[PDB]
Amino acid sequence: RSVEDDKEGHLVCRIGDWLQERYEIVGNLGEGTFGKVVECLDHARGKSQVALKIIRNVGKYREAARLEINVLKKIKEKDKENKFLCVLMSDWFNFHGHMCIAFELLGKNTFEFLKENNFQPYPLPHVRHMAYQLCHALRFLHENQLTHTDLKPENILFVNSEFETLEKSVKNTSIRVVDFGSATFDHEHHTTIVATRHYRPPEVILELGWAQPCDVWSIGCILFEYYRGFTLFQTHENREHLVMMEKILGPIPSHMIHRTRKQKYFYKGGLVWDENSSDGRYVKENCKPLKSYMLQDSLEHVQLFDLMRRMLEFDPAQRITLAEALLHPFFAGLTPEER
């Protein structure tokens, strides 16, 4: 039956409407300037649960999602045994201008969970299993001329976020990667600024080109966050961010300085920073060498920090690959099953 759009290009629909005389809406799950994501029953797969992404009837959002779908196709094509932890897309159609993409319902994101637990960090066993899934999934993606570009706790969902009480622990540490809306093939237009602030690597800030090494940094940042419960780089300005990195991580390689069109942030090869000034006192207090954030001395932890540091190399050409990461002695600590 006839549908309708609003003054802004959103499909008009609430809980109880159908699309394709197949999908029944029964929940709201997310919204934005892309459109809606609604829970549905696939009344042509015995009423099984789906997340349906419904995109605004607008040129740029609709073309953005043409590519989102190409990526999901490539993935489904490559991960037949269903083993590479990237979200399965079950369906996709152009509904009266609106692109819709259905996926398997999943549970809470690793951000929602963390904040529902008062920002106390995941045990290290959990950190290890999730780091492993993440390394496993994006390696798959990277041997397929793809880069995700927007990895963060919000974009990683528990299959099943049922928790126990202790302070909360997730019964099941299985996660999916999600939101391939930003993912770029090696051969296609690289958007310049990419990733959300906290998870953004230096070669992007310095506008020096990016590729797969972009996602590895994102992961290094995310693991720090799983391990401490709080972000590595708590800033919203490019100059402070580069200074925090240097204070947490070490001196930027001078070749990356020689090369960046972002000269404004540098004088005679040094970053411009007022140590003795409001923002100074704060970063001096708070931004410390990576090894300082270790919460215990034991091996598992040292093994973790070596991976994080390798994931957080300034020179993207130097940074660890995820194929390398998979062999790291941090991942000798894994059970048979967790393997």
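Numbers for residues come from their place in the sequence shown, where the first is 1.
Unmodelled deposited residues between residue 166 and residue 167: 4 to 9, per the record.
According to the PDB record, 53-61 carries the higher mean C-alpha B-factor of the two stretches 303-311 and 53-61.
Taking the PDB entry as given, 90-98 carries the higher mean Cα B factor of the two stretches 90-98 and 203-211. Split the chain's modelled residues into thirds by C-alpha temperature factor. Residue 321 is in the lowest one.
Annotation for residue 82: C-alpha temperature factor in the highest third relative to the rest of the modelled chain, per the entry. Annotation for residue 150: C-alpha temperature factor in the lowest third relative to the rest of the modelled chain, per the entry. Split the chain's modelled residues into thirds by C-alpha temperature factor. Residue 119 is in the middle one. Compared with the other modelled residues of the chain, the Cα B-factor recorded for residue 67 ranks in the highest third.
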